[PDB]
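Let me begin by presenting the structure, written as structure tokens, before commenting on it.
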Amino acid sequence: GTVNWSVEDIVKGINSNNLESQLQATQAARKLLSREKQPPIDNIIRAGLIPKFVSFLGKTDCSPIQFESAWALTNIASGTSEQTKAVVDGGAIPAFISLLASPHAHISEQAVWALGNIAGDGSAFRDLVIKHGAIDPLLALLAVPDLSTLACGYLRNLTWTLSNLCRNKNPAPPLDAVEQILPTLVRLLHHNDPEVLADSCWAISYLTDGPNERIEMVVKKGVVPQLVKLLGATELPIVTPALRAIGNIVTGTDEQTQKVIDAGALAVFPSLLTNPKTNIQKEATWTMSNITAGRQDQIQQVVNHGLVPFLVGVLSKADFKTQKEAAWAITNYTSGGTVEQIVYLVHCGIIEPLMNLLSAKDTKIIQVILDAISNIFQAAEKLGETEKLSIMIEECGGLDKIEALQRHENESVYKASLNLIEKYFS
């Protein structure tokens, strides 16, 4: 009967000179801490029990107390940063790393879970877990010919912890550790379990969220085609991180963006740009905005795949944040695109939704839309057709909005709008 003990009784049991009494009290503590209704984590910490749990981690001759104390410590380390810090300050990191090699799979799984929580807290604890030498034994746990012979939950916990070692910025994980972990992530990215795939995609999205050198580390391993395939998954928990990784990658150079395009990503965007999940739509439109900031042949790839009508659609009706990403996409398209491509954009109906967005209460989207209008007018000048575009803008109500913006609080707004009026509506 280790259910519902008081903290005083747990302390009495853990301070007894009786390994079995200590074990029973430790299990009682684990059960307290694993209740979803406000676990008394802080009371356990104040009782001074973390050092006792950490010392129990080292009793190889009593694996049950190793297991129970590991689980109690894991439940503490899954809370606030101060509670994770309490666990770390007790010396738990090297003890859990030593337990990674346990012959009891449940104990090593508990150690994997604990190190995942600790490393997930933040950059400093992540780098400290790495310094204590966790990566080698972690990856050795996965050194089997077929991942499918491992228990499902075990492999899932390993993948989650590895993703947490790839997580957080300022600073990003050490390049050495990233290189050490990447091959295993590449293997996990091909494993048939939705949760393993989701967490591998999350790890990749963490590693690609940075300068082009990190992106390049990831892209050199050849994972972009697999990322696109997973972009096409039906499980939203897979699509979300896969799309995040692809967007990150296209924030890089034009060659990395081209690697995304060559893998077939664009063919998936009709659905992504109409996805019923608002965040999928927003991230797909952000990815598109970065693609249309590339070379003219990449804008042309966007055109060939019939995605300009979907950007018109998103601009016309979507969550306002998605519409802002779409305005960005249009401004980049018009800034980098050929005359023919801007003409095509107009022929797809961009002008009316573009104008309708000028009544928004957001200054940045107004600046972006005015930049797009100026670029389109530049193309029209190059074609000597500013009157046609002026009439088009005037017929859908854009001229009223621009003349109203001429008197806007922001300096840039009234400047750009006055320029447009004087230049093409006089």
Side-chain angles (χ1 to χ4, degrees), residues 189 197-198 201 204-205 208-209 215 218-219 223-337 341-342 344-350 353-354 357 368 372:
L189 208 60
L197 291 170
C201 287
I204 299 295
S205 84
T208 54
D209 185 358
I215 296 173
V218 175
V219 169
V223 295
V224 168
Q226 188 65 1
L227 286 174
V228 173
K229 183 183 169 192
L230 295 171
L231 199 69
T234 66
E235 298 99 340
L236 181 72
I238 297 178
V239 175
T240 295
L243 177 57
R244 177 64 65 79
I246 292 292
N248 286 346
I249 290 172
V250 299
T251 66
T253 65
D254 297 334
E255 292 76 13
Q256 298 159 335
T257 304
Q258 190 61 50
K259 271 159 154 77
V260 169
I261 296 166
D262 295 337
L266 296 183
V268 194
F269 272 71
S271 70
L272 299 172
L273 297 172
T274 51
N275 195 282
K277 283 299 307 186
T278 295
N279 290 325
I280 298 293
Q281 258 188 58
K282 182 168 70 74
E283 300 265 337
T285 307
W286 164 67
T287 302
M288 289 301 302
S289 73
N290 280 313
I291 291 174
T292 61
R295 312 183 303 241
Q296 288 178 346
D297 63 289
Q298 299 175 326
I299 292 169
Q300 190 61 38
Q301 294 270 53
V302 171
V303 168
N304 294 339
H305 280 84
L307 299 183
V308 170
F310 286 93
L311 293 175
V312 172
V314 159
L315 199 69
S316 305
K317 181 173 169 62
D319 177 10
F320 175 74
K321 300 170 69 172
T322 308
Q323 293 179 294
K324 192 164 175 182
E325 296 294 0
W328 272 114
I330 298 302
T331 300
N332 298 334
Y333 184 112
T334 54
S335 163
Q341 292 167 336
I342 297 169
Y344 173 73
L345 178 69
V346 173
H347 285 168
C348 289
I350 200 73
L354 213 44
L357 277 173
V368 172

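Numbering of residues begins at 1 and proceeds along the displayed sequence. Both backbone and side-chain heavy atoms feed into the values below; hydrogens, waters and symmetry mates do not.
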Point to revise | CD-OG1 distance between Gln256 and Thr208, expressed to the nearest 0.5 angstrom | key: 10.0 Å
Review point. Are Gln281 and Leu273 side-chain neighbours, meaning at least one heavy-atom pair lies under 4.5 Å?
Key: no
Exercise for review: With side chain to side chain contact (heavy atoms under 4.5 Å, CB included) as the test, would you mind laying out the steps for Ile249 and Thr257 before giving the verdict?
Suggested key: CA-CA 7 Å; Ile249 290 172; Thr257 304; over 6 Å; no
Study note, to complete from the structure: For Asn332 and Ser289, the nearest pair of non-hydrogen atoms, with its separation, is ND2-O, 2.9 Å
**Study point:** 4.5 Å side-chain heavy-atom contact, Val223 and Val218
**Key:** yes
Practice item. Decide yes or no on side-chain hydrogen bond (donor to acceptor under 3.5 Å, both in side chains) for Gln301 and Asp297, but give the supporting numbers first. Key: CA-CA 6 Å; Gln301 294 270 53; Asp297 63 289; 5.9 Å; no
Practice item. Work out which heavy atom in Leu266 is nearest to a heavy atom in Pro270; give both atom names and the distance. Key: O-CD, 3.4 Å
Check your understanding: If you round to the nearest 0.5 Å, how far is CG of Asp209 from OG1 of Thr251?
Key -> 7.5 Å
Review point. Can you tell me if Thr322 uses its side chain to pair, donor with acceptor, with the backbone of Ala318 under 3.5 Å?
Key: no
Check your understanding: Does the side chain of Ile291 reach to within under 4.5 Å of the side chain of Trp286, using non-hydrogen atoms?
Key -> no
Point to revise | Which atom of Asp254 lies closest to which atom of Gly294, heavy atoms considered | key: OD1-CA, 3.8 Å
Point to revise | Atom pair CD/CG of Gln323 and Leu354 - distance to nearest 0.5 Å | key: 11.0 Å
Point to revise | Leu345 and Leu311, any side-chain heavy atoms less than 4.5 Å apart | key: no
Review point. Yes or no on side chain to side chain contact (heavy atoms under 4.5 Å, CB included) for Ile215 and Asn248, after CA distance, side-chain angles and deciding distance?
Key: CA-CA 8 Å; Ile215 296 173; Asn248 286 346; 5.6 Å; no
Point to revise | Which atom of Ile330 lies closest to which atom of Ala372, heavy atoms considered | key: CG2-CB, 4.2 Å
Exercise for review: Give a yes or no answer on whether the side chain of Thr240 reaches the backbone of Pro237 with a donor-acceptor pair at less than 3.5 Å.
Suggested key: no
Review point. About how many Å separate CG of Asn304 and CD1 of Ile299, when rounded to the nearest 0.5 Å?
Key: 12.0 Å
Review point. Say you draw a straight line from CD1 of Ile238 to CG of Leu243; how long is it, rounded to the nearest 0.5 Å?
Key: 13.5 Å
Exercise for review: Before giving the answer on side chain to side chain contact (heavy atoms under 4.5 Å, CB included), spell out for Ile261 and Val302 the whole-Å C-alpha distance, their side-chain angles and the decisive distance to 0.1 Å.
Suggested key: CA-CA 9 Å; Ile261 296 166; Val302 171; over 6 Å; no
Review point. Does any non-hydrogen side-chain atom of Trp328 lie less than 4.5 Å from one of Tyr333?
Key: no
Exercise for review: May I ask you to test the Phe269-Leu231 pair for a side-chain heavy-atom distance under 4.5 Å?
Suggested key: yes
Review point. What distance do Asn290 atom CG and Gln298 atom CD have between them, rounded to the nearest 0.5 Å?
Key: 11.5 Å
Review point. Are side-chain heavy atoms of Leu230 and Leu197 found at a separation under 4.5 Å?
Key: yes
Check your understanding: Do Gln300 and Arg295 meet the criterion of a side-chain donor-acceptor pair at a distance under 3.5 Å?
Key -> no
Check your understanding: Would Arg244 and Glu283 pass as an ion pair if we require N to O under 4.0 Å?
Key -> yes
Point to revise | pair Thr292-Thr331: side-chain heavy atoms closer than 4.5 Å | key: no
